[PDB]
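Trainee: Here's my sequence, what's the structure:
(2 chains, ligands or ions: 2)
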Amino acid sequence: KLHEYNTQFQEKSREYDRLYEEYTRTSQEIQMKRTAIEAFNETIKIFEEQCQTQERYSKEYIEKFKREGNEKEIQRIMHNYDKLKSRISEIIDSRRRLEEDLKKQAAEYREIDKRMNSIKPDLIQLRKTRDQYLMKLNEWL
Amino acid sequence: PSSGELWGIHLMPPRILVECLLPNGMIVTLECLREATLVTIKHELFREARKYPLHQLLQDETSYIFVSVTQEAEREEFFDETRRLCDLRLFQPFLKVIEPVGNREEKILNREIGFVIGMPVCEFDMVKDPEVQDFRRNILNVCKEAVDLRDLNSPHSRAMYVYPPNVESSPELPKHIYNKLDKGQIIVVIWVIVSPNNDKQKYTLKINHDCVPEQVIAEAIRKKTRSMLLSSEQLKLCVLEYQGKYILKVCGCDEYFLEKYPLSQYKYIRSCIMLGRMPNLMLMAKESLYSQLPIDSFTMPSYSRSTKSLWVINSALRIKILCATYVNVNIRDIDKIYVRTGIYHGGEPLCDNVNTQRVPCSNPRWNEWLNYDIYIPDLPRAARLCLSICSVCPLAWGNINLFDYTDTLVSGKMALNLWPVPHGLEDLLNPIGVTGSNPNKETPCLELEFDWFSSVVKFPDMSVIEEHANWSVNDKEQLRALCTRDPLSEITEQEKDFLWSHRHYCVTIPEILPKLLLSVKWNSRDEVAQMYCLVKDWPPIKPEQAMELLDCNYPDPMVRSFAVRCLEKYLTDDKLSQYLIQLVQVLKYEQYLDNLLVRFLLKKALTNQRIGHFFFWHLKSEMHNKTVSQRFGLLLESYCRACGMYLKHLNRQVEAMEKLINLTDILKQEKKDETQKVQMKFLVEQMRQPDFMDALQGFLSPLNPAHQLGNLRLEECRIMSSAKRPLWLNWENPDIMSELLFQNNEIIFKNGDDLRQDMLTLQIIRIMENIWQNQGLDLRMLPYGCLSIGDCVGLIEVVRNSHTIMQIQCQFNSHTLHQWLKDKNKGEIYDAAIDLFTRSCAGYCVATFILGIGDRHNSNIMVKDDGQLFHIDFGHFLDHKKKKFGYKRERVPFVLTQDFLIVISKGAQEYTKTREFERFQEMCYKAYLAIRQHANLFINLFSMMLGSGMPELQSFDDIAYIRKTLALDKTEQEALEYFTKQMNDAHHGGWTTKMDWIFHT
Ligand SMILES: Cc1cc([C@H](C)Nc2ccccc2)c2oc(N3CCOCC3)cc(=O)c2c1
Ligand SMILES: Cc1cc([C@H](C)Nc2ccccc2)c2oc(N3CCOCC3)cc(=O)c2c1
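Mentor: Numbers count the residues shown, from 1 in each chain, chains lettered A, B, ... in the order given. Ligands and ions are numbered 1, 2, ... in the order given. Below is the structure:
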């Protein structure tokens, strides 16, 4: 029965293709996202450096106002530091969320490898199982 | 690894908020248009910086520059302020303002090399390894040697690197082309613009086809001058002194005749001759071409800063397989693992071996010394280890050069990140695969330990080997029928022994080298040394048969040296450009980055920027691909330094294609899966925005830099049904003589489809046309141009006035096709238009048969109004369908034979047994058998491409199909029989007049 092993062959074969297409399509989003992780790390690095320049250049001015009892001007300076560190919180929340999708892809990728290897050898048999039936009569398709 | 305008957003809003980080230490959110230039943003920010605190301690805006994080994650310092926000390829919308310290504004403005190239140059700096660093530096020595060459003779040498002559090589005309002339001479119209109205004054001329442009100028001179009356001696002085003060340009495109070639030898003209159209040239002031070609300007960069012999060692080769890292399958469903090894030279030398089937899948350890049975001194230079971590199937594979690029034998411990197995590979080990650690570190990592000996072991050099080579040192005559043979034929052990036996005798039949080389026990020492001695002083061979020796089966440095030496002696700049596709993919097999081939190609790319142009694009095509990403990276960088000003123009186009890539990515994925109507007002409205008009107007065409893409027609630009979302684009030809050649440059841009097969097939097609032409058959193909610019991104040349047979045949009637072509070629032009069809058809028939172009159809074939048919959209290539079934399966007969035979035999009721059909049928016989005698060139061209991940060409058995299509063991007549029998074979791609396949009755 070729009609019997053609049903196995086409099922294992054409699932390997849905499986191999999810392999290399996932694999791209893996390295894609990971290099976005890298860009996040340089953005959080630069935003910390801007944050460290306020606390430098602010020292002498912020004191000068405290002395003169300005308050209204002191509150504008801090309002800007308030934006600054708030936006670096968002970068980090955004980084962490992408950090997991990466880990999640780590898991679900390895599982596509697992089952991709599982399909390989059992397909290797089914193909040369069909050799047994080379015994006009091309119609059992 | 990225795409579009911002991380995750394919396309910026019409206006976005961008966080500007000032140096006064404060954040200035600023409202911007996506179009806006950096010069205008800075300016606008700095007005708004006054309304924030600490506004006084900021400096003037022109004492500052922007910096941000690019989508490939790195601090880009935006020195060029032309640029627009959308083109900045930012990660997040924010900008740091800094003082532009870290000078060489000029040198730091070669983060355009990093854009055009595909990988940022910073990455190469921050790379360990000596070979990579050694390469970048030493390769600059090839670049000086280029720039110096192209600059000695400064006016002319320059205008020859840009704008080299497009010459067909061999002046000698085929006599069937020559007769089309008339008295061995040809008519030619020479145009000239004049001061006021751009007044196009013409001057027509009959002149000897074989004369050089210099002379054509002089004939022009006579015509214009000698209307007015003057002496013979005067004309002859006027030529003398002004003959060479002019040059000749083809009308319509930047392709000049700057060289003393026979006018027929220029491709433009010989094309005009056989095609039977009249060449229109433009006479230009020599001075005005030269004046508008800049300075060469090459300056070099930052990167310019106790051992034994191998033969002393007296032991077998052994290798400790230590332990893996991890491997991804579940314990229960199959749980036995073993590392299969084997040393190689292309095809196996040492009788290889496995390792103990110990299968701790939990913790793959072995710690066993695998002892191979080869003596360490016998090891050839190209010796290399291959391996894989297999299962009770391959799983993960890898390869290792047993010698450094320094000639040092590897010693001691080292890890090797393994590759995954290709789709259609089942064969355990993989030796035709690339050699090195997987750059992807998140992969199976297997550890090794080689032996360390007393001190560092090195492979001997030439002179010492030649000492050992000298120390060691009819019906046989008609076994040169060994070298009249296809290269994938195989040879028996007697045939190997015979070849080897009579090797000294061999030097006078230089053709046989690839078979002699194949008959050397590489696992010898003595034999290889005698061989190294022969190949040193072997007599040179034809470019084509020598470039076999650069394929994956000849991995020895000595061998390949000889191949390249052949190449630089023969192999014209014509035929180099022809086979360029093949030579770039064959680098993939060269062990070390700095090899004589990479040198030769780079010099040629910098000697001739027409080669350079494709040499660049062909390399950038494979830049997504990590196998060669490193190798092609460093090479492509070195092209980009030495190319002079073409880097302005490569940039212009790489930015253009990127805009298209990302635009079509919106139409595919993004919320753009609906009507033609919605996508065409979106696309056409998007294309009107400034950033866009500038990226895709005024630049050169990647298919051919000769034609300038001018303005978009835009009203002519549209999208195909197909869910690839391919674009049909129309540009103006902004030439003054636009209207003489092409006024429409139309191009098909395409995502999704791997254009690489089309790109190869269309190359093969052209070669067949040349073989047939030079043989005196006039089977006219149409090998339209088509370049793959990347990963399933491509460009396709649009043939004007063509139609698909479908459009043309839409009750239905088989005559329909013919009774239309008749209508388009009325009365006097009829017998001529059917000749074209019949020849066209015959060629494409025999061509597609040989290559086994995938199941063909109604919209696969096209026909121009004049009657020339041509095939498009080849895709799935040489058989290949056979992989889906695994059998010599029946397929749909070529149903169109009916429509075609009616056009071939004119409106004939009966057409199978006509005077006309014999004439066609003959042509197909002639053309088929013609290719047979040039068979090997094809087998070689395909085998050079094994490297590329083309799914149809991932083994040698794939190529072997061309042996089956040709006659393999068969002799001319036998082969003509096989052909006809396979052509008249119904349910096997052919035709009968049963007219009832399908059902049978
Ligand atoms: C899917 C597809 C479609 C076409 C048609 C003829 N052109 C088309 C392309 C994009 C939008 C609308 C039409 C094609 O036309 C061409 N031709 C265009 C005519 O000159 C020769 C190449 C090649 C193709 O590979 C090809 C592929
Ligand atoms: C007019 C005409 C006729 C044929 C017939 C079926 N082949 C044929 C040609 C010469 C002698 C005998 C048969 C053709 O066969 C083909 N086949 C040839 C087999 O491979 C697929 C394409 C293509 C044609 O365009 C084609 C065109």
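Trainee: Can you name the residue of the stretch 51-200 of chain B nearest ligand 1?
Mentor: residue B:166 (21.7 Å; Cβ to the nearest ligand atom). Quick note: C-beta positions are derived from backbone N, CA and C, even for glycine.
Trainee: And for residue 9, the neighbour number?
Mentor: Since you didn't name a chain, this refers to chain A. For residue A:9, the neighbour count with other Cβ atoms under 10 Å in any protein chain shown is 18.
Trainee: Sorry, I should have been clearer: chain B.
Mentor: Neighbours around residue B:9, by other Cβ under 10 Å: 11.
Trainee: Next, the contact list for it, please.
Mentor: Listed by Cβ atoms under 8 Å, 6 or more residues apart in numbering or on different chains, the contact set of residue B:9 is empty.
Trainee: tell me which element it falls in.
Mentor: Under the criterion DSSP states H and E, no helix or strand holds residue B:9.
Trainee: Same check on residue B:906?
Mentor: Using DSSP H and E, residue B:906 falls outside every helix and strand.
Trainee: I figured it was touching residue B:837, is that so?
Mentor: No: counting by Cβ atoms under 8 Å, residue B:906 sits too far from residue B:837 to count as a contact (10.5 Å).
Trainee: Which one's more surrounded, those two?
Mentor: Between residue B:906 and residue B:837, counted using other Cβ under 10 Å, the more crowded position is residue B:837 (24 against 14).
Trainee: so who does residue A:87 touch?
Mentor: So residue A:87 contacts A:47, B:19, B:27 (Cβ under 8 Å, 6+ apart).
Trainee: Recalculate using a threshold of 10 Å.
Mentor: Contact partners of residue A:87, counting by Cβ atoms under 10 Å, 6 or more residues apart in numbering or on different chains, are A:47, A:50, A:51, B:19, B:21, B:27, B:29, B:92, B:94.
Trainee: Looking at neighbours, which among these is most surrounded?
Mentor: Neighbour max across those (other Cβ under 10 Å) = residue B:21, 25 neighbours.
Trainee: Assess the claim that residue B:3 and residue B:89 are in contact.
Mentor: Yes: if you go by Cβ atoms under 10 Å, residue B:3 and residue B:89 touch, sitting 9.3 Å apart.
Trainee: Now do the shared contacts for those two.
Mentor: Counting by Cβ under 10 Å, 6+ apart, the residues touching both residue B:3 and residue B:89 are B:71, B:658.
Trainee: In chain A, what residue lies closest to ligand 1?
Mentor: Nearest residue of chain A to ligand 1 (Cβ to the nearest ligand atom) works out as residue A:21 at 20.9 Å.
Trainee: And the contacts of residue A:87, which is closest to ligand 2?
Mentor: Taking those together and measuring to ligand 2 by Cβ to the nearest ligand atom, the closest member is residue B:92, at 55.1 Å.
Trainee: Assign a three-state SS to that closest one, would you?
Mentor: What DSSP: H, G, I helix; E, B strand; the rest coil gives for residue B:92 is coil.
Trainee: Residue A:43 is in contact with that one, correct?
Mentor: Yes: if you go by Cβ under 10 Å, residue B:92 and residue A:43 touch, sitting 5.7 Å apart.
Trainee: what do the two both touch?
Mentor: A:91, A:94, B:7, B:68, B:69.
Trainee: Longest helix in chain A, please.
Mentor: helix A:72-129 (DSSP state H).
Trainee: ok, what's across the strand from residue B:446?
Mentor: residue B:416 (DSSP bridges).
Trainee: My guess is it contacts residue B:415. True?
Mentor: Yes: Residue B:446 lies in contact with residue B:415 (Cβ under 10 Å); the separation is 7.1 Å.
Trainee: Look at these two and report which has more neighbours.
Mentor: Taking other Cβ under 10 Å, residue B:446 and residue B:415 do not tie; residue B:446 has more neighbours (22 against 13).
Trainee: which ones are touching that one?
Mentor: Applying Cβ under 10 Å, 6+ apart, the residues contacting residue B:446 are B:321-325, B:327, B:339, B:364, B:366, B:387-389, B:396, B:398, B:415-418.
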